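Just below is one structure, and these are the notes that go with it.
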Number of protein chains: 2
Amino acid sequence: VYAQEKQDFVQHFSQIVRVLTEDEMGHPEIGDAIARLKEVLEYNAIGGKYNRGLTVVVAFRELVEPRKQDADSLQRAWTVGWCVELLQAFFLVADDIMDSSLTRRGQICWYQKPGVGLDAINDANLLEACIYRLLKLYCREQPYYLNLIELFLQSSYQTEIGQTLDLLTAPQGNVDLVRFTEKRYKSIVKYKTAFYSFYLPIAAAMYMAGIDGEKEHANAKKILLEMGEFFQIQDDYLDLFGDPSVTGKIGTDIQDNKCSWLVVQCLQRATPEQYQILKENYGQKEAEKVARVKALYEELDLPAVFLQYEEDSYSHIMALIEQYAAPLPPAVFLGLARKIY
Amino acid sequence: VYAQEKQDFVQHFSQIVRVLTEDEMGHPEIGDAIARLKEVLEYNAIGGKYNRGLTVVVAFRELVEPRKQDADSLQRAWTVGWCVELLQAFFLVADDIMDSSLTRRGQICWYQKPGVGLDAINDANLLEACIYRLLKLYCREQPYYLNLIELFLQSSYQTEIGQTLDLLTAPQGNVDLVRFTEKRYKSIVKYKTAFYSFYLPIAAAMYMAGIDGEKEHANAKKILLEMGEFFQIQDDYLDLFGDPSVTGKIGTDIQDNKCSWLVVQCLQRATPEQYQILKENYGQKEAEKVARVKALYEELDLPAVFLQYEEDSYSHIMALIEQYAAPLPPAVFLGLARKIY
């Protein structure tokens with residue numbers, strides 16, 4: 001469903017940019033700003049995998065009757081999919097500044113480019129603004145208009161709450177594995193990542209399908225947040241015990257003092273001497289000390305614990321889908337599960 | 001109208017905070033984030049003059065019949081007034097980071113406080129999020145609900161466009177008085193400042209009064225943007241040729257290489273040798289060189305030009321009010337004019 005659909009998706013981006021930079025050229029006064037906007041858009045919304053945005057489109061096709069999927073309905077689904085991707089771009093640009101990252105998706109972070117710097121803060125906010133400009137431009141007259149606006153606003157707020165939680169939890173310069181508990185981990189994942197990465201896209205498609213029922217949404221959310229929790233846990237696992245060539249990235253959670261799932265489990269599975277080592281090697285830069293932590297995880301059979309967790313999680317999700325999918329086609333959720341597992 | 005009204009306004013802030021931090025305590029998981037939110041709110045939304053927010057309230061009383069101003073209608077107007085103030089707080093926190101300011105309203109900028117730093121970027125975004133949470137919490141059922149959401153979103157986007165324009169225009173480290181033209185100045189003022197500081201508050205009150213007419217709004221906007229242009233021009237003037245004890249602040253536009261109104265006029269009123277001096281003293285730190293610019297302005301009789309501009313501007317605004325105020329009470333606009341002149 002994503003294989004050949006990803007094609008028309010990236011293709012629609014040129015129009016999105018045209019619309020966002022054309023309905024402003026009527027004021028040549030702001031011309032130079034609009035040019036800057038284009039550059040921000042092209043640099044930051046492109047180059048990912050577009051999983052979230054494509055999920056809006058795939059889900060839309062599965063929830064809407066084919067005779068109702070006219071050229072216009074589809075263009076709107078493409079636009080709302082790009083809105084999710086812009087929310088995404090909004091978070092990353094801002095997050096890379098806050099974390100002092102150097103690279104993202106392999107290339108230099110926007111704020112690290114010469115002559116951008118902290119101006120990237122306004123750039124991030126423009127990306128957020130473009131979402132609602134798109135919604136107005138394409139969905140102003142649709143019955144689900146206000147529903148999508150509120151959905152995107154709520155997803156931003158929840159992500160930002162989650163980011164606050166994450167920031168409070170791993171203060172850069174306040175190494176304290178104490179607050180790295182399971183309840184804090186699941187709370188951070190849920191707000192910072194799961195709501196906008198898994199619920200938002202499906203939720204958007206739902207409203208565009210006229211499925212606005214508070215109960216149906218609560219049902220999808222139950223399934224989707226859980227999928228998002230496993231997504232992140234598997235991401236933490238793979239960061240360390242993964243294969244950089246397959247995944248396409250090199251792990252750094254240990255050199256970043258992250259509240260990883262691994263370190264959370266390692267903390268519940270550790271003797272006072274096991275902790276002493278973690279409390280002295282976690283957050284360092286040296287490859288000698290980092291590799292020292294990996295060994296402690298391994299010794300604690302966390303890679304095994306994860307595999308055990310992956311089986312339990314998969315069973316639970318399938319039970320979740322069997323219990324809350326309807327009236328929606330279970331294929332809506334099964335497509336996502338097949339991707340992340 | 002602002003004199004005794006400012007009282008109930010600041011008073012309502014405790015409830016705003018309560019509502020924004022209480023309808024979240026049902027999730028003790030995010031408790032610590034919500035506590036952080038409170039601190040962000042109290043530090044950053046308080047301590048200004050509340051002109052913009054109070055304008056929503058004053059305007060609401062003048063546009064709505066007294067028998068329709070029940071306790072609930074008023075609480076909503078108080079809340080929408082605080083929403084404007086939160087938009088305000090949102091911009092300042094973020095702008096102080098981008099400009100590397102040290103202080104604001106006399107005290108240390110939020111991002112400069114110990115243990116905040118660039119995390120202030122997420123804090124700013126939470127402040128923006130709170131606006132729409134308030135609107136949902138108080139106006140969800142009102143006929144002007146979607147109108148206010150769109151108004152706040154449009155005001156953010158326009159402010160952000162303006163900020164981009166301003167950033168492109170005075171690149172910190174690219175002293176180029178060339179781009180400091182009158183058209184660029186008026187464009188920056190209009191987008192960055194005038195729309196959200198003057199149109200937004202009145203516009204909000206209007207919609208709450210059921211005045212949603214596209215023509216009436218276009219009429220108010222014509223008057224209000226012009227008032228905003230004079231507001232900023234007078235602000236630039238006063239920054240230099242003002243009295244720090246009366247105004248309550250010390251000028252720094254010259255030590256900041258700002259695209260001020262003064263420097264814009266000085267550039268149109270300057271011989272090649274007059275410019276040579278400006279191109280060498282503008283943006284410096286030394287009090288000897290700064291004071292050197294002030295002398296060049298004076299010699300060019302800019303203080304006179306301003307006074308001449310202030311009289312022309314006042315006449316034009318009164319003509320503007322006589323021509324576009326109705327169906328609105330001219331007092332709505334005259335209250336603002338009396339304040340800024």
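We name chains A, B, ... following the order of the structure tokens; residues begin at 1 in each chain, and ligands are numbered from 1 as shown.
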
Define the interface residues of chain A facing chain B as those within 6 Å, counting only C-alpha atoms, and report them as a PyMOL selection string.
-> chain A and resi 33+98+118-119+129+157+164-165

For the residues in the current selection, export N, CA and C atoms as a PDB file, in the first residue's frame.
ATOM      1  N   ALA A  33      10.583  36.963   1.984  1.00  0.00           N
ATOM      2  CA  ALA A  33      10.211  36.078   3.082  1.00  0.00           C
ATOM      3  C   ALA A  33       9.667  34.786   2.497  1.00  0.00           C
ATOM      4  N   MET A  98      17.305  22.328  20.147  1.00  0.00           N
ATOM      5  CA  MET A  98      17.317  22.078  21.582  1.00  0.00           C
ATOM      6  C   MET A  98      18.322  21.001  22.019  1.00  0.00           C
ATOM      7  N   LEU A 118      20.034  30.283  15.059  1.00  0.00           N
ATOM      8  CA  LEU A 118      18.817  30.386  15.849  1.00  0.00           C
ATOM      9  C   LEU A 118      17.606  30.974  15.104  1.00  0.00           C
ATOM     10  N   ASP A 119      17.840  31.603  13.954  1.00  0.00           N
ATOM     11  CA  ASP A 119      16.725  31.984  13.092  1.00  0.00           C
ATOM     12  C   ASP A 119      15.846  30.784  12.752  1.00  0.00           C
ATOM     13  N   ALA A 129       2.917  26.879  10.837  1.00  0.00           N
ATOM     14  CA  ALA A 129       1.885  27.756  10.297  1.00  0.00           C
ATOM     15  C   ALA A 129       1.356  27.214   8.974  1.00  0.00           C
ATOM     16  N   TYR A 157       0.163  20.131  20.909  1.00  0.00           N
ATOM     17  CA  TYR A 157       0.190  20.355  22.348  1.00  0.00           C
ATOM     18  C   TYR A 157       0.679  19.103  23.085  1.00  0.00           C
ATOM     19  N   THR A 164       8.442  18.365  26.943  1.00  0.00           N
ATOM     20  CA  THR A 164       8.726  18.978  28.233  1.00  0.00           C
ATOM     21  C   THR A 164       9.074  17.848  29.211  1.00  0.00           C
ATOM     22  N   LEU A 165       8.264  16.796  29.192  1.00  0.00           N
ATOM     23  CA  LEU A 165       8.473  15.691  30.105  1.00  0.00           C
ATOM     24  C   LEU A 165       9.862  15.122  29.825  1.00  0.00           C
TER      25      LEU A 165
END

- Item | DSSP alpha helix (DSSP H) selection over range 193-232 of chain B, as JSON, numbers by chain | {"B": [200, 201, 202, 203, 204, 205, 206, 207, 208, 214, 215, 216, 217, 218, 219, 220, 221, 222, 223, 224, 225, 226, 227, 228, 229, 230, 231, 232]}

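CA of residue 250 in chain B lies 26.2 Å from CA of residue 270 in chain B.
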
Judged by only C-alpha atoms, the minimum distance to residue 325 in chain B among B:205, B:218, B:177, B:291 is found for B:218

Residue 209 in chain A environment, 7 Å, only C-alpha atoms, sequence neighbours closer than 2 positions dropped, as a list in words |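 Here the answer would be residues 60, 63, 64, 205, 206, 207 and 211 of chain A.
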
Could you dump the residues just selected with N, CA, C and O atoms as a PDB file, in the first residue's frame?
ATOM      1  N   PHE A  60      -6.946   6.618   4.142  1.00  0.00           N
ATOM      2  CA  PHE A  60      -8.076   7.285   3.511  1.00  0.00           C
ATOM      3  C   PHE A  60      -8.702   6.388   2.448  1.00  0.00           C
ATOM      4  O   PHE A  60      -9.919   6.311   2.335  1.00  0.00           O
ATOM      5  N   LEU A  63     -10.765   3.614   4.125  1.00  0.00           N
ATOM      6  CA  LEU A  63     -11.924   3.996   4.919  1.00  0.00           C
ATOM      7  C   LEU A  63     -13.035   4.624   4.079  1.00  0.00           C
ATOM      8  O   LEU A  63     -14.166   4.762   4.537  1.00  0.00           O
ATOM      9  N   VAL A  64     -12.706   4.999   2.849  1.00  0.00           N
ATOM     10  CA  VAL A  64     -13.644   5.697   1.983  1.00  0.00           C
ATOM     11  C   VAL A  64     -14.014   4.846   0.773  1.00  0.00           C
ATOM     12  O   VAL A  64     -13.142   4.227   0.151  1.00  0.00           O
ATOM     13  N   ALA A 205      -7.456  10.650   8.688  1.00  0.00           N
ATOM     14  CA  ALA A 205      -8.139   9.884   7.645  1.00  0.00           C
ATOM     15  C   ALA A 205      -9.568   9.601   8.084  1.00  0.00           C
ATOM     16  O   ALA A 205     -10.516   9.783   7.322  1.00  0.00           O
ATOM     17  N   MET A 206      -9.717   9.167   9.327  1.00  0.00           N
ATOM     18  CA  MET A 206     -11.040   8.911   9.852  1.00  0.00           C
ATOM     19  C   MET A 206     -11.960  10.118   9.639  1.00  0.00           C
ATOM     20  O   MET A 206     -13.015   9.984   9.004  1.00  0.00           O
ATOM     21  N   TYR A 207     -11.565  11.296  10.130  1.00  0.00           N
ATOM     22  CA  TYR A 207     -12.445  12.465  10.031  1.00  0.00           C
ATOM     23  C   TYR A 207     -12.763  12.770   8.576  1.00  0.00           C
ATOM     24  O   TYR A 207     -13.879  13.162   8.250  1.00  0.00           O
ATOM     25  N   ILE A 211     -15.905   9.650   9.720  1.00  0.00           N
ATOM     26  CA  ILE A 211     -15.919   8.933  10.992  1.00  0.00           C
ATOM     27  C   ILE A 211     -15.412   9.860  12.096  1.00  0.00           C
ATOM     28  O   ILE A 211     -14.206   9.936  12.362  1.00  0.00           O
TER      29      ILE A 211
END

- Message: I'd like the neighbourhood of range 271-282 of chain B as a PyMOL selection string, where a residue qualifies if any of its atoms comes within 6 Å (using only C-alpha atoms), though same-chain residues fewer than 3 positions away should be ignored.
- Response: chain B and resi 254+257+289

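For the set A:51, A:308, A:265, A:44, the residue with the smallest atom-to-atom gap to residue 5 in chain A is A:51, counting only C-alpha atoms.
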
Pick from B:174, B:245, B:155, B:252, whichever lies nearest to residue 190 in chain B using only C-alpha atoms: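 Once distances to residue 190 in chain B are computed over only C-alpha atoms, the minimum belongs to B:155.
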
Nearest to residue 213 in chain B, restricted to only C-alpha atoms and choosing among B:335, B:327, B:283, B:48, comes out as B:327

>> List the spatial neighbours of residue 219 in chain B as a PyMOL selection string - criterion: any atom at most 10 Å away, only C-alpha atoms, same-chain residues fewer than 5 positions off excluded.
In response: chain B and resi 213-214+224+320-321+323-328

Atom pair CA of residue 108 in chain A + CA of residue 16 in chain A, distance 23.9 Å

Counting only C-alpha atoms, what is within 8 Å of residue 135 in chain B, bar same-chain residues fewer than 5 positions away, as a PyMOL selection string?
-> chain B and resi 79-80+83+140+145+148-149

Now that the selection is made, can you save its residues with C-alpha atoms as a PDB file, in the first residue's frame?
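And here is the file that came out, result-v9.pdb:
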ATOM      1  CA  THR B  79     -10.045  34.741  28.303  1.00  0.00           C
ATOM      2  CA  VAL B  80      -9.674  35.872  24.680  1.00  0.00           C
ATOM      3  CA  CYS B  83      -5.072  34.569  24.571  1.00  0.00           C
ATOM      4  CA  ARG B 140     -16.084  25.693  21.942  1.00  0.00           C
ATOM      5  CA  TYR B 145     -15.324  29.721  17.618  1.00  0.00           C
ATOM      6  CA  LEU B 148     -11.223  33.142  16.504  1.00  0.00           C
ATOM      7  CA  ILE B 149      -9.072  30.071  15.893  1.00  0.00           C
TER       8      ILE B 149
END

Query - Secondary structure check, strand (DSSP E) residues of range 50-243 of chain B, as a list in words - result: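 Written out, the strand (DSSP E) residues of range 50-243 of chain B are residues 103, 104, 107 and 108 of chain B.
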
Output the selection as an mmCIF file, in the first residue's frame - N, CA, C and O atoms for each residue.
data_model
loop_
_atom_site.group_PDB
_atom_site.id
_atom_site.type_symbol
_atom_site.label_atom_id
_atom_site.label_comp_id
_atom_site.auth_asym_id
_atom_site.auth_seq_id
_atom_site.Cartn_x
_atom_site.Cartn_y
_atom_site.Cartn_z
ATOM 1 N N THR B 103 17.702 40.937 28.656
ATOM 2 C CA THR B 103 16.591 41.299 29.519
ATOM 3 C C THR B 103 15.349 41.684 28.719
ATOM 4 O O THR B 103 15.404 41.986 27.522
ATOM 5 N N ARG B 104 14.227 41.689 29.411
ATOM 6 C CA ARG B 104 12.941 41.979 28.812
ATOM 7 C C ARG B 104 12.064 42.449 29.961
ATOM 8 O O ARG B 104 12.026 41.821 31.021
ATOM 9 N N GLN B 107 13.580 42.429 33.532
ATOM 10 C CA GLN B 107 14.144 41.227 34.144
ATOM 11 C C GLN B 107 14.845 40.304 33.153
ATOM 12 O O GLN B 107 14.847 40.552 31.947
ATOM 13 N N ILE B 108 15.457 39.246 33.676
ATOM 14 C CA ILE B 108 16.236 38.324 32.852
ATOM 15 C C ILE B 108 15.285 37.596 31.896
ATOM 16 O O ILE B 108 14.233 37.111 32.315
#

Residue neighbourhood residue 8 in chain B, 10 Å, only C-alpha atoms, exclusion window fewer than 4 positions, as a list in words: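 Counting only the stated atoms, we get residues 4, 12, 13, 54 and 78 of chain B.
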
Go ahead and dump the residues you just picked, N, CA and C atoms, as a short mmCIF file (atom, residue, chain, number, x, y, z; two decimals), in the first residue's frame.
data_model
loop_
_atom_site.label_atom_id
_atom_site.label_comp_id
_atom_site.auth_asym_id
_atom_site.auth_seq_id
_atom_site.Cartn_x
_atom_site.Cartn_y
_atom_site.Cartn_z
N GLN B 4 -9.42 51.29 35.08
CA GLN B 4 -9.98 50.43 36.13
C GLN B 4 -10.26 49.01 35.64
N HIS B 12 -7.98 37.88 36.46
CA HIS B 12 -8.49 36.68 35.80
C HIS B 12 -7.37 35.69 35.47
N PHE B 13 -6.13 36.16 35.52
CA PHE B 13 -5.00 35.33 35.15
C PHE B 13 -4.87 34.10 36.03
N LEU B 54 -6.19 43.94 26.98
CA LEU B 54 -7.22 44.82 27.51
C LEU B 54 -8.02 45.41 26.36
N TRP B 78 -12.49 38.11 28.75
CA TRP B 78 -11.27 38.11 29.58
C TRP B 78 -10.31 37.02 29.09
#
